[PDB]
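**Q** Shown below is the structure under consideration.
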Amino acid sequence: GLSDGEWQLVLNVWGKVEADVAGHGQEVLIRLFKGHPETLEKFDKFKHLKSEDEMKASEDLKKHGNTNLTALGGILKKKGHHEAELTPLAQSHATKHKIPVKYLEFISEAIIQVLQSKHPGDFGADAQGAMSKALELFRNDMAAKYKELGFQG
Ligand code: HEM
């Protein structure tokens, strides 16, 4: 639902994530978890992390943050025409991971805050609004897939 110009602003700021996927991923998860503690309960592998210092040392957290943004990236790059990339994610998150649409809103917030915290200079008003739209489109399509699979959108 983005203009070609909005996609270009998205992909340009995503270029900065691609220069350090894992560090960005780590910081999004830690923002997510510190901001919304209940989200951490969906990760059996990350219970034992009782502080931001434990989260920061966790090599598995960092790997997972890398896996997560690499997938998000694959989606963003398709600029809307992302059905093939989006389905497997909606499938696994609607079924095996039991991730509610609302949590998708929290991680979208955390993504924006990380971008804003690491790249304040490049993440101006126009880039912010385009990234918000792109994440909103991702959330909306995930929710439409969940409802088609028989789950809550
Ligand atoms: C930008 C949104 C998200 C993206 C792109 C994303 C991506 C991924 C990917 C690529 C995987 C690995 C393959 C799979 O199982 O599908 C995964 C696994 C997983 N995701 Fe997500 N995810 C997102 C949001 C979330 C949120 C918000 C939660 C919890 C609140 C979550 C919980 C999980 C869990 C629990 C797993 C399995 C982890 C394990 O190996 O123990 N995801 N995610």
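The chains in the structure tokens are called A, B, ... from first to last as shown; in each chain the residues are counted from 1, and the ligands are counted from 1 in the order shown.
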Please return as a short mmCIF file (atom, residue, chain, number, x, y, z; two decimals) with N, CA, C and O atoms, in the first residue's frame: the residues of chain A that backbone DSSP assigns to alpha helix (DSSP H).
**A**
data_model
loop_
_atom_site.label_atom_id
_atom_site.label_comp_id
_atom_site.auth_asym_id
_atom_site.auth_seq_id
_atom_site.Cartn_x
_atom_site.Cartn_y
_atom_site.Cartn_z
N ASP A 4 6.03 3.88 -4.65
CA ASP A 4 7.36 3.47 -5.07
C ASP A 4 8.38 4.27 -4.26
O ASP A 4 9.40 3.79 -3.80
N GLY A 5 8.09 5.55 -4.07
CA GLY A 5 8.92 6.44 -3.26
C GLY A 5 9.06 5.98 -1.76
O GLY A 5 10.17 6.08 -1.19
N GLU A 6 8.03 5.49 -1.16
CA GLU A 6 8.00 4.99 0.21
C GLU A 6 8.79 3.69 0.27
O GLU A 6 9.63 3.51 1.14
N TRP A 7 8.63 2.80 -0.71
CA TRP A 7 9.48 1.62 -0.76
C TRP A 7 10.93 1.93 -0.82
O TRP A 7 11.79 1.29 -0.17
N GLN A 8 11.32 2.93 -1.59
CA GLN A 8 12.69 3.32 -1.71
C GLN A 8 13.29 3.83 -0.40
O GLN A 8 14.41 3.48 -0.04
N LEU A 9 12.53 4.61 0.36
CA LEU A 9 12.88 5.06 1.69
C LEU A 9 12.97 3.84 2.66
O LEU A 9 14.01 3.83 3.35
N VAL A 10 12.12 2.89 2.51
CA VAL A 10 12.23 1.69 3.37
C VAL A 10 13.53 0.94 3.10
O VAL A 10 14.27 0.56 3.99
N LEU A 11 13.76 0.62 1.85
CA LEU A 11 14.91 -0.18 1.41
C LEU A 11 16.20 0.53 1.65
O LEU A 11 17.19 -0.09 1.97
N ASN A 12 16.20 1.89 1.53
CA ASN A 12 17.38 2.66 1.89
C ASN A 12 17.73 2.56 3.38
O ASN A 12 18.90 2.38 3.69
N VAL A 13 16.79 2.61 4.30
CA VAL A 13 17.10 2.48 5.72
C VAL A 13 17.36 1.02 6.04
O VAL A 13 18.30 0.80 6.85
N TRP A 14 16.80 0.07 5.33
CA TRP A 14 17.06 -1.34 5.55
C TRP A 14 18.51 -1.70 5.19
O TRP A 14 19.11 -2.55 5.82
N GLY A 15 19.05 -0.95 4.23
CA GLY A 15 20.47 -0.99 3.87
C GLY A 15 21.38 -0.82 5.05
O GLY A 15 22.37 -1.56 5.25
N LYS A 16 21.01 -0.04 6.06
CA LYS A 16 21.79 0.11 7.28
C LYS A 16 21.65 -1.07 8.20
O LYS A 16 22.62 -1.39 8.93
N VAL A 17 20.50 -1.76 8.17
CA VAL A 17 20.33 -2.98 8.93
C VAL A 17 21.22 -4.04 8.24
O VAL A 17 21.92 -4.71 8.99
N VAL A 21 23.16 -6.96 10.43
CA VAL A 21 21.91 -7.58 10.76
C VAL A 21 21.86 -8.05 12.23
O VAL A 21 20.84 -7.83 12.92
N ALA A 22 22.88 -8.80 12.63
CA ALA A 22 22.84 -9.42 13.94
C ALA A 22 22.81 -8.40 15.08
O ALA A 22 22.12 -8.68 16.07
N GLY A 23 23.57 -7.35 15.01
CA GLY A 23 23.53 -6.34 16.07
C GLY A 23 22.16 -5.67 16.11
O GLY A 23 21.60 -5.44 17.20
N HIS A 24 21.59 -5.37 14.94
CA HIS A 24 20.24 -4.82 14.94
C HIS A 24 19.28 -5.81 15.52
O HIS A 24 18.45 -5.41 16.31
N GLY A 25 19.37 -7.11 15.18
CA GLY A 25 18.44 -8.09 15.63
C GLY A 25 18.49 -8.27 17.15
O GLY A 25 17.43 -8.42 17.80
N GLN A 26 19.69 -8.30 17.63
CA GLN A 26 19.91 -8.40 19.08
C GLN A 26 19.21 -7.24 19.81
O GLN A 26 18.50 -7.43 20.80
N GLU A 27 19.47 -6.04 19.31
CA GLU A 27 18.87 -4.88 19.96
C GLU A 27 17.35 -4.83 19.84
O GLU A 27 16.71 -4.47 20.87
N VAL A 28 16.73 -5.26 18.74
CA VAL A 28 15.29 -5.33 18.64
C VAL A 28 14.71 -6.31 19.65
O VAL A 28 13.73 -5.98 20.31
N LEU A 29 15.28 -7.53 19.75
CA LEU A 29 14.79 -8.48 20.74
C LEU A 29 14.88 -7.93 22.18
O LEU A 29 13.91 -8.20 22.93
N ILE A 30 15.99 -7.29 22.49
CA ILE A 30 16.18 -6.78 23.87
C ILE A 30 15.25 -5.61 24.19
O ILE A 30 14.68 -5.51 25.29
N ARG A 31 14.87 -4.84 23.15
CA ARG A 31 13.91 -3.75 23.28
C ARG A 31 12.52 -4.34 23.46
O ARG A 31 11.87 -3.80 24.38
N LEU A 32 12.15 -5.31 22.66
CA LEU A 32 10.97 -6.07 22.74
C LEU A 32 10.75 -6.62 24.19
O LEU A 32 9.71 -6.36 24.84
N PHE A 33 11.70 -7.40 24.65
CA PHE A 33 11.69 -8.10 25.93
C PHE A 33 11.69 -7.15 27.13
O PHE A 33 10.95 -7.38 28.09
N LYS A 34 12.43 -6.06 27.08
CA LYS A 34 12.47 -5.09 28.17
C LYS A 34 11.21 -4.25 28.15
O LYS A 34 10.53 -4.00 29.15
N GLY A 35 10.73 -3.91 26.96
CA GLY A 35 9.52 -3.15 26.80
C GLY A 35 8.25 -3.91 27.14
O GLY A 35 7.34 -3.25 27.63
N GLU A 52 19.17 -7.50 31.20
CA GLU A 52 19.65 -7.02 29.90
C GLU A 52 21.10 -7.43 29.71
O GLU A 52 21.56 -7.80 28.61
N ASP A 53 21.88 -7.47 30.81
CA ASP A 53 23.22 -8.05 30.72
C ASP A 53 23.18 -9.54 30.35
O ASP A 53 23.95 -9.88 29.41
N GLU A 54 22.25 -10.35 30.82
CA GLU A 54 22.22 -11.75 30.38
C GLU A 54 21.78 -11.82 28.90
O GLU A 54 22.24 -12.68 28.14
N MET A 55 20.76 -11.00 28.56
CA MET A 55 20.36 -10.96 27.14
C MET A 55 21.47 -10.54 26.23
O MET A 55 21.56 -11.12 25.13
N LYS A 56 22.29 -9.57 26.57
CA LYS A 56 23.39 -9.12 25.78
C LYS A 56 24.49 -10.14 25.58
O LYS A 56 25.12 -10.22 24.52
N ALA A 57 24.77 -11.02 26.53
CA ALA A 57 25.78 -12.07 26.42
C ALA A 57 25.26 -13.29 25.70
O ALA A 57 26.01 -14.12 25.22
N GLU A 59 24.47 -15.81 23.19
CA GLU A 59 24.80 -15.96 21.76
C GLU A 59 23.58 -16.48 21.04
O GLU A 59 23.31 -16.02 19.92
N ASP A 60 22.75 -17.31 21.65
CA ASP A 60 21.54 -17.74 21.02
C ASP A 60 20.54 -16.57 20.80
O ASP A 60 19.79 -16.65 19.83
N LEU A 61 20.49 -15.61 21.70
CA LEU A 61 19.55 -14.49 21.47
C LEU A 61 19.97 -13.75 20.19
O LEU A 61 19.16 -13.38 19.35
N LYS A 62 21.27 -13.46 20.12
CA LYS A 62 21.83 -12.77 18.97
C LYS A 62 21.60 -13.53 17.67
O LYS A 62 21.25 -12.90 16.67
N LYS A 63 21.70 -14.85 17.67
CA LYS A 63 21.50 -15.64 16.47
C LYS A 63 20.04 -15.56 16.03
O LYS A 63 19.74 -15.59 14.84
N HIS A 64 19.14 -15.65 17.01
CA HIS A 64 17.73 -15.56 16.75
C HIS A 64 17.36 -14.15 16.20
O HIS A 64 16.49 -14.15 15.35
N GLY A 65 17.95 -13.11 16.77
CA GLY A 65 17.68 -11.75 16.29
C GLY A 65 18.14 -11.65 14.83
O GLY A 65 17.48 -11.06 13.95
N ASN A 66 19.29 -12.23 14.47
CA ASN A 66 19.79 -12.32 13.11
C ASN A 66 18.84 -13.08 12.19
O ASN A 66 18.46 -12.61 11.10
N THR A 67 18.35 -14.24 12.61
CA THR A 67 17.38 -15.02 11.85
C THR A 67 16.11 -14.25 11.56
O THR A 67 15.56 -14.26 10.47
N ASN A 68 15.60 -13.59 12.60
CA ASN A 68 14.42 -12.79 12.53
C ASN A 68 14.61 -11.63 11.54
O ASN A 68 13.80 -11.57 10.63
N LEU A 69 15.60 -10.76 11.71
CA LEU A 69 15.70 -9.63 10.75
C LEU A 69 16.06 -10.11 9.36
O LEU A 69 15.75 -9.41 8.39
N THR A 70 16.80 -11.20 9.20
CA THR A 70 17.07 -11.70 7.85
C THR A 70 15.75 -12.03 7.15
O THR A 70 15.53 -11.63 6.00
N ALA A 71 14.81 -12.67 7.85
CA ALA A 71 13.51 -12.97 7.26
C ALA A 71 12.70 -11.70 6.97
O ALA A 71 12.10 -11.60 5.88
N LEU A 72 12.72 -10.78 7.93
CA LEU A 72 11.99 -9.53 7.72
C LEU A 72 12.50 -8.82 6.46
O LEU A 72 11.74 -8.29 5.67
N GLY A 73 13.78 -8.73 6.29
CA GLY A 73 14.50 -8.18 5.17
C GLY A 73 14.01 -8.84 3.87
O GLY A 73 13.81 -8.11 2.91
N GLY A 74 13.95 -10.15 3.84
CA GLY A 74 13.52 -10.89 2.66
C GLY A 74 12.11 -10.41 2.29
O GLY A 74 11.80 -10.18 1.12
N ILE A 75 11.28 -10.20 3.30
CA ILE A 75 9.94 -9.69 3.08
C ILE A 75 9.89 -8.30 2.55
O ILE A 75 9.26 -8.00 1.49
N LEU A 76 10.64 -7.38 3.19
CA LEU A 76 10.66 -5.98 2.81
C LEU A 76 11.09 -5.72 1.38
O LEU A 76 10.59 -4.84 0.66
N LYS A 77 12.10 -6.50 1.00
CA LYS A 77 12.66 -6.41 -0.33
C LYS A 77 11.67 -6.79 -1.42
O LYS A 77 11.97 -6.38 -2.55
N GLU A 83 3.86 -12.51 -0.79
CA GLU A 83 3.07 -13.65 -0.34
C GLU A 83 3.91 -14.87 -0.07
O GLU A 83 3.76 -15.51 0.97
N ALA A 84 4.83 -15.23 -0.97
CA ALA A 84 5.60 -16.45 -0.83
C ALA A 84 6.47 -16.42 0.42
O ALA A 84 6.75 -17.41 1.07
N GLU A 85 7.03 -15.23 0.64
CA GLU A 85 7.90 -15.09 1.82
C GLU A 85 7.10 -15.02 3.09
O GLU A 85 7.51 -15.42 4.20
N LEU A 86 5.95 -14.35 3.00
CA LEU A 86 5.12 -14.17 4.19
C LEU A 86 4.39 -15.39 4.69
O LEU A 86 4.31 -15.59 5.93
N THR A 87 3.84 -16.22 3.81
CA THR A 87 3.14 -17.44 4.24
C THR A 87 3.81 -18.37 5.21
O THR A 87 3.20 -18.67 6.27
N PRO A 88 4.99 -18.92 4.98
CA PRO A 88 5.69 -19.77 5.90
C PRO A 88 5.83 -19.10 7.25
O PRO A 88 5.71 -19.77 8.27
N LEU A 89 6.03 -17.77 7.27
CA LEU A 89 6.16 -17.09 8.57
C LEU A 89 4.81 -17.05 9.29
O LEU A 89 4.70 -17.32 10.49
N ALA A 90 3.75 -16.70 8.57
CA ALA A 90 2.42 -16.70 9.18
C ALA A 90 2.07 -18.13 9.64
O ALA A 90 1.67 -18.29 10.83
N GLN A 91 2.46 -19.11 8.84
CA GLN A 91 2.15 -20.48 9.23
C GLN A 91 2.81 -20.82 10.56
O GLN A 91 2.16 -21.35 11.47
N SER A 92 4.13 -20.67 10.60
CA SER A 92 4.84 -21.05 11.81
C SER A 92 4.51 -20.23 13.03
O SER A 92 4.58 -20.71 14.15
N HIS A 93 4.19 -18.94 12.83
CA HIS A 93 3.89 -18.09 13.96
C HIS A 93 2.42 -18.29 14.37
O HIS A 93 2.15 -18.12 15.54
N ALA A 94 1.52 -18.63 13.47
CA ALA A 94 0.13 -18.90 13.90
C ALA A 94 0.06 -20.26 14.61
O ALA A 94 -0.68 -20.35 15.58
N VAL A 101 -1.19 -11.42 17.04
CA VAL A 101 -1.00 -10.26 16.19
C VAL A 101 -0.48 -9.08 16.98
O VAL A 101 0.46 -8.36 16.58
N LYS A 102 -1.00 -8.87 18.18
CA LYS A 102 -0.54 -7.81 19.06
C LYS A 102 0.97 -7.81 19.33
O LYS A 102 1.57 -6.79 19.66
N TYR A 103 1.56 -8.99 19.40
CA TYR A 103 2.99 -9.06 19.69
C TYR A 103 3.73 -8.57 18.40
O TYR A 103 4.84 -8.10 18.53
N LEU A 104 3.12 -8.84 17.28
CA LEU A 104 3.68 -8.31 16.02
C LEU A 104 3.72 -6.79 16.05
O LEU A 104 4.68 -6.19 15.54
N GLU A 105 2.81 -6.13 16.78
CA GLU A 105 2.79 -4.69 16.94
C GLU A 105 3.90 -4.24 17.84
O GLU A 105 4.58 -3.26 17.60
N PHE A 106 4.17 -5.04 18.90
CA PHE A 106 5.25 -4.69 19.79
C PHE A 106 6.63 -4.82 19.04
O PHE A 106 7.46 -4.00 19.41
N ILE A 107 6.75 -5.89 18.28
CA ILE A 107 8.13 -5.99 17.69
C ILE A 107 8.26 -4.90 16.62
O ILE A 107 9.39 -4.40 16.46
N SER A 108 7.18 -4.50 15.97
CA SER A 108 7.26 -3.37 15.00
C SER A 108 7.72 -2.12 15.66
O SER A 108 8.61 -1.37 15.24
N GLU A 109 7.22 -1.81 16.90
CA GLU A 109 7.64 -0.67 17.69
C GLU A 109 9.12 -0.75 17.98
O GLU A 109 9.89 0.19 17.91
N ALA A 110 9.56 -1.99 18.44
CA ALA A 110 10.95 -2.15 18.76
C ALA A 110 11.85 -1.96 17.56
O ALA A 110 12.95 -1.36 17.66
N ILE A 111 11.40 -2.41 16.40
CA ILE A 111 12.21 -2.21 15.17
C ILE A 111 12.38 -0.72 14.94
O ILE A 111 13.46 -0.25 14.67
N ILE A 112 11.34 0.07 14.99
CA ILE A 112 11.38 1.51 14.77
C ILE A 112 12.28 2.15 15.81
O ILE A 112 13.10 2.95 15.45
N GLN A 113 12.09 1.73 17.06
CA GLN A 113 12.95 2.40 18.08
C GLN A 113 14.40 2.13 17.88
O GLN A 113 15.25 2.98 18.12
N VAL A 114 14.79 0.87 17.51
CA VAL A 114 16.17 0.61 17.21
C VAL A 114 16.74 1.40 16.08
O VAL A 114 17.85 1.95 16.03
N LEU A 115 15.97 1.51 14.94
CA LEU A 115 16.37 2.33 13.82
C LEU A 115 16.57 3.80 14.18
O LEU A 115 17.53 4.46 13.72
N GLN A 116 15.64 4.28 15.01
CA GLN A 116 15.66 5.67 15.46
C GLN A 116 16.87 5.84 16.41
O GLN A 116 17.64 6.77 16.28
N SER A 117 17.13 4.88 17.25
CA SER A 117 18.27 4.99 18.18
C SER A 117 19.59 4.84 17.49
O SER A 117 20.48 5.73 17.66
N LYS A 118 19.77 3.97 16.49
CA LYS A 118 21.02 3.81 15.79
C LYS A 118 21.25 4.72 14.63
O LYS A 118 22.42 4.97 14.25
N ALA A 125 11.78 12.05 9.13
CA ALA A 125 10.33 11.95 9.12
C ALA A 125 9.80 11.11 7.98
O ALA A 125 8.96 10.21 8.15
N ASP A 126 10.33 11.34 6.78
CA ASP A 126 9.88 10.58 5.64
C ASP A 126 10.24 9.07 5.80
O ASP A 126 9.35 8.27 5.55
N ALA A 127 11.43 8.78 6.21
CA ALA A 127 11.83 7.35 6.35
C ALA A 127 11.05 6.64 7.42
O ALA A 127 10.57 5.49 7.29
N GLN A 128 10.79 7.32 8.55
CA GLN A 128 9.99 6.82 9.62
C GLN A 128 8.58 6.48 9.17
O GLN A 128 8.06 5.44 9.46
N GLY A 129 7.93 7.43 8.46
CA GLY A 129 6.57 7.15 8.04
C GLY A 129 6.56 6.01 7.05
O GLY A 129 5.59 5.27 7.08
N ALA A 130 7.56 5.96 6.14
CA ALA A 130 7.51 4.83 5.17
C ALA A 130 7.75 3.47 5.84
O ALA A 130 7.06 2.47 5.58
N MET A 131 8.67 3.47 6.81
CA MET A 131 8.92 2.20 7.54
C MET A 131 7.70 1.82 8.36
O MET A 131 7.36 0.64 8.38
N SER A 132 7.04 2.79 9.04
CA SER A 132 5.81 2.45 9.73
C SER A 132 4.79 1.79 8.80
O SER A 132 4.18 0.79 9.15
N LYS A 133 4.52 2.37 7.63
CA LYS A 133 3.63 1.77 6.65
C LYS A 133 4.01 0.37 6.22
O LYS A 133 3.19 -0.54 6.04
N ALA A 134 5.33 0.19 5.97
CA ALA A 134 5.75 -1.13 5.55
C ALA A 134 5.52 -2.19 6.63
O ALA A 134 5.12 -3.33 6.37
N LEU A 135 5.73 -1.80 7.89
CA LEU A 135 5.55 -2.76 8.98
C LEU A 135 4.06 -3.02 9.21
O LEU A 135 3.74 -4.13 9.64
N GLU A 136 3.32 -1.96 9.02
CA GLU A 136 1.87 -2.05 9.13
C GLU A 136 1.36 -2.99 8.05
O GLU A 136 0.52 -3.83 8.36
N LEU A 137 1.86 -2.86 6.81
CA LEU A 137 1.46 -3.76 5.74
C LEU A 137 1.83 -5.19 6.11
O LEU A 137 1.01 -6.09 6.04
N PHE A 138 3.06 -5.41 6.60
CA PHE A 138 3.46 -6.73 7.08
C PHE A 138 2.48 -7.21 8.16
O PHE A 138 2.00 -8.32 7.99
N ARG A 139 2.18 -6.43 9.17
CA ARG A 139 1.26 -6.90 10.21
C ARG A 139 -0.15 -7.26 9.65
O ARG A 139 -0.70 -8.30 10.02
N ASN A 140 -0.66 -6.38 8.82
CA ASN A 140 -1.97 -6.58 8.20
C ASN A 140 -2.02 -7.86 7.40
O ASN A 140 -2.97 -8.64 7.53
N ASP A 141 -1.03 -8.17 6.58
CA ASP A 141 -1.02 -9.37 5.76
C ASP A 141 -0.81 -10.62 6.63
O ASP A 141 -1.35 -11.68 6.29
N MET A 142 -0.06 -10.48 7.72
CA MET A 142 0.13 -11.63 8.59
C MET A 142 -1.25 -11.97 9.22
O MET A 142 -1.61 -13.12 9.41
N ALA A 143 -1.90 -10.93 9.69
CA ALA A 143 -3.23 -11.09 10.30
C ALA A 143 -4.24 -11.66 9.31
O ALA A 143 -5.03 -12.52 9.72
N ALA A 144 -4.16 -11.30 8.02
CA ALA A 144 -5.11 -11.84 7.06
C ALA A 144 -4.82 -13.33 6.83
O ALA A 144 -5.75 -14.12 6.64
N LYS A 145 -3.54 -13.71 6.88
CA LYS A 145 -3.16 -15.10 6.73
C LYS A 145 -3.59 -15.94 7.95
O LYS A 145 -4.09 -17.05 7.71
N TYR A 146 -3.42 -15.44 9.13
CA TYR A 146 -3.85 -16.11 10.36
C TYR A 146 -5.36 -16.43 10.32
O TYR A 146 -5.79 -17.55 10.60
N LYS A 147 -6.16 -15.47 9.88
CA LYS A 147 -7.61 -15.64 9.76
C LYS A 147 -8.00 -16.67 8.72
O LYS A 147 -8.99 -17.39 8.89
N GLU A 148 -7.23 -16.82 7.67
CA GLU A 148 -7.44 -17.81 6.63
C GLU A 148 -7.05 -19.22 7.09
O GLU A 148 -7.47 -20.25 6.54
#
**Q** Using only C-alpha atoms, which residue out of A:78, A:149, A:2, A:97 lies closest to residue 41 of chain A?
**A**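 The shortest atom-to-atom distance to residue 41 of chain A comes from A:97.
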**Q** Calculated over only C-alpha atoms and all ligand atoms, which of the candidates A:96, A:79, A:48, A:58 has the smallest distance to ligand 1?
**A**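 The closest residue to ligand 1 is A:96.
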